[PDB]
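S.K.: Before anything else, here's the structure in question.
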Ligand SMILES: Cc1ccccc1CNC(=O)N1CCC[C@H](C(N)=O)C1
Ligand SMILES: [Zn+2]
């Protein structure tokens, strides 16, 4: 679990969105596993606007932060799950690092701010949904 709170927006994994997220829907994209809802309170987070390929992520299944080198956002095949059929997930970045399904929502950050959130993984890999291209989150 986990979310990004920037301005009057809450960014969550689309597969973990609540009934309240859907009732306050701003934008969603199944191919990216992202959903953004509106908030009444002002958020605590800053979004990175950069091309960093290193950063640090929070891993809830270890209660620890880990440094990672990750690939640029790209189109990657993801096997069928209970949430989605087998498909290509877009804007996904992979890195070597521990992850389990409940780690989805953990933030990846570089020195410029929030880069993305955990969305997939397994076998010593962790995959992050990028948010750096969503320039509208800042206004
Ligand atoms: C092993 C692991 C580690 C971290 C996260 C997930 C997993 C394994 N489940 C998994 O990949 N999916 C279920 C949740 C939604 C995911 C998606 N983006 O399509 C697909
Ligand atoms: Zn950066």
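For chain A, we keep the numbers from Swiss-Prot: what you see runs 869-1007, in order.
Quick check of the header: X-ray crystallography, 1.3 Å.
Heads up, the Cβ atoms here are built off N, Cα and C, so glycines get one too.
This is the feature table in Swiss-Prot:
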{"type": "ACT_SITE", "residues": "883", "note": "active site, for protease 2A activity"}
{"type": "ACT_SITE", "residues": "901", "note": "active site, for protease 2A activity"}
{"type": "BINDING", "residues": "918, 920, 978, 980", "note": "Zn(2+) 1 binding site"}
{"type": "ACT_SITE", "residues": "972", "note": "active site, for protease 2A activity"}
S.K.: Go through the recorded positions 883, 901, 918 and pull out the ones with a Cβ less than 6 angstroms from some atom of ligand 1.
M.R.: 883, 901
S.K.: Using the CB centroid of 918, 920, 978, 980 as the Zn(2+) 1 site centre, which other residues of the same chain sit with their CB within 8 A?
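M.R.: My list of surrounding residues reads 916, 917, 919, 923, 979, 981, 983, 1000.
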S.K.: If you skip the near sequence neighbours and keep only those at least six away, which residues in the chain come within under 8 angstroms of residue 918 (Zn(2+) 1 binding site), Cβ to Cβ?
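M.R.: In sequence order, 978, 980, 1000 meet the Cβ cut-off.
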S.K.: According to DSSP, which kind of secondary structure is residue 883 (active site, for protease 2A activity) found in, if we only use helix, strand and coil?
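M.R.: Residue 883 (active site, for protease 2A activity) sits in a helix per DSSP.
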S.K.: Using a Cβ-Cβ cut-off under 8 angstroms and a sequence gap of six or more, which residues of the chain neighbour residue 883 (active site, for protease 2A activity)?
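M.R.: For residue 883 (active site, for protease 2A activity), the qualifying residues are 901, 949, 951, 952, 972.
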S.K.: Look at the recorded positions 920, 972, 978 and tell me which residue has the greatest number of other C-beta atoms within 10 angstroms of its C-beta.
M.R.: 972
S.K.: Which recorded positions out of 901, 918, 978, 980 lie by ligand 2, going by a Cβ under 6 Å?
M.R.: 918, 978, 980
S.K.: Over all shown protein chains, what is the count of other CB atoms within 10 A of the CB belonging to residue 980 (Zn(2+) 1 binding site)?
M.R.: 15
S.K.: Tally every other Cβ atom lying within 10 Å of the Cβ atom of residue 901 (active site, for protease 2A activity).
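M.R.: Looking across every protein chain shown, the total is 26.
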S.K.: Need the DSSP three-state call for residue 978 (Zn(2+) 1 binding site) to compare against my parser.
M.R.: strand
